[PDB]
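Engineer: This is the structure I have questions about; it appears just below.
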Amino acid sequence: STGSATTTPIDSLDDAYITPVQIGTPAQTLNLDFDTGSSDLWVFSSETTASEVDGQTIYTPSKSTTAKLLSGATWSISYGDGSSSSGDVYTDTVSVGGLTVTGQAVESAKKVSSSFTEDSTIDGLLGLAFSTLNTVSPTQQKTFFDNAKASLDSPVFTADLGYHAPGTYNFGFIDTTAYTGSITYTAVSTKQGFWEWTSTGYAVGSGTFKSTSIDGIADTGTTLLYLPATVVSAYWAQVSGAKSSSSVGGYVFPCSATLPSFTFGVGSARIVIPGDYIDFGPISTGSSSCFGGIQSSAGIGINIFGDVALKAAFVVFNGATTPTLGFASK
Ligand code: NA
């Protein structure tokens, strides 16, 4: 089997991407944030505290003839950005882009933190990191990909995120028309439950490539590119008037600037992030200070190849017995 779904930016900045997901029978379609940095499929629901719901579409298990309470199971998750959610668990039929899993754990939120409530466009998350991170207790649950894997034509999914445009998540096949050149594969460590890999270095603009190992995670659920402070300082030093602002919480730059590109290494290959991808716009409405898309990972404890990086590539998440990542230009 295969699945193919379009993923759409939630706003003009590509702050996140939503992908429609069919849950239950008859189908309830929710727009989920596919997150290769976590491993819980959780939704706004009929159980979510009413004051914590503001415009999201909810999953109502009592209206699904295939929903079953997973008795005793609870979940609770906290994300890198400080957001959180928790609740109880159903199993139900879940389909993405024509690919169907029966018996998927659908984590129904009883509580969500303010950032989720405030984002009317995201009805929940669909985690695509390794199932060892799933928070369900006392019986950990599998991701949608891990449940689909054995049925897929190839044990892979691909992320093809757009810049200010829709893109695609494919399950079970490589679309050879979706990228240029060849896919370069690179080793993955699953020891922290992430799609963790080692970039071979970087360049800033037309600058020389610096060969250096940068361990980090391929995380579709993180907006920005978070890299070591040395790398980030080297990038923003090339932008007149850029500075790290403790008050704003990262590097800002004059909105009048033209940003340089950023290149990262994948083995001997190179992925080029155009400068425009690194512009996250005014820090507040009407400000001439703009927020940078490349930020320090110092204090986060891991480097994160978030959407700013991934949307410059066609990315293969190879879930073979020994997982690997692939990157192609596009
Ligand atoms: Na922000």
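What is reported rests on the model, the rules as stated and the sources as named; these are not laboratory values. Positions of Cβ are backbone-derived with ideal geometry, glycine not excepted, and every protein chain shown enters the neighbour counts.
Engineer: Of the residues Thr19, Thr6, which is crowded, with 17+ Cβ neighbours inside 10 Å and either in the same structural domain as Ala309 (by CATH) or β-branched (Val, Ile, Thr) (or both)?
Structural biologist: When all the criteria are applied, what remains is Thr19.
Engineer: Only one of these is surrounded by fewer than 16 Cβ atoms within 10 Å (Cβ to Cβ) and either under 20 Å from the mean Cα position of the chain (by Cα) or more than 29 Å from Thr168 (Cβ to Cβ) (or both): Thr258, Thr223. Name it.
Structural biologist: So the residue among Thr258, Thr223 that is surrounded by fewer than 16 Cβ atoms within 10 Å (Cβ to Cβ) and either under 20 Å from the mean Cα position of the chain (by Cα) or more than 29 Å from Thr168 (Cβ to Cβ) (or both) is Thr258.
Engineer: A further question follows. Taking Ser213, is it of a type outside the set (D, E, K, R), assigned to a strand (DSSP E or B) and under 24 Å from the mean Cα position of the chain (by Cα)?
Structural biologist: Answer is yes for this residue.
Engineer: So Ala312 ticks every box in (1) assigned to a loop (DSSP other than H, G, I, E, B); (2) crowded, with 22+ Cβ neighbours inside 10 Å; (3) within 16 Å of the ligand (Cβ to nearest atom); (4) of a type outside the set (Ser, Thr, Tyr) but one. Which box is left unticked?
Structural biologist: Condition not satisfied by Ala312: (3).
Engineer: Picking from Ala129, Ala148, which residue would you name as being in a loop (DSSP other than H, G, I, E, B), under 30 Å from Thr176 (Cα atoms), out of contact with any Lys or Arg (no Cβ under 9 Å at 6 or more places or on another chain) and in contact (Cβ under 8 Å) with a residue 40 or more places away in the chain?
Structural biologist: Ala129
Engineer: Looking only at residues in the stretch 253-283 that are aliphatic (A, V, I, L, M) and in a strand (DSSP E or B), which one is farthest from the ligand (Cβ to nearest atom)?
Structural biologist: Among those residues, the one meeting the criterion is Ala269.
Engineer: Cβ contacts < 6 Å: first residue under 19 Å from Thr186 (Cα atoms) and in contact (Cβ under 8 Å) with a residue 40 or more places away in the chain, restricted to the stretch 210-238; second residue within 16 Å of the ligand (Cβ to nearest atom) and in a helix (DSSP H, G or I), any location; separation 6+ or different chain. Result?
Structural biologist: Correct list of pairs: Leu225/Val308.
Engineer: Is it the case that the stretch 289-306 has a residue that's touching a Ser or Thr at 6+ places or on another chain (Cβ under 7 Å), β-branched (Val, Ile, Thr) and either surrounded by 14 or more Cβ atoms within 10 Å (Cβ to Cβ) or part of a strand (DSSP E or B) (or both)?
Structural biologist: Checking the stretch 289-306: at least one residue is touching a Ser or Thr at 6+ places or on another chain (Cβ under 7 Å), β-branched (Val, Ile, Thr) and either surrounded by 14 or more Cβ atoms within 10 Å (Cβ to Cβ) or part of a strand (DSSP E or B) (or both).
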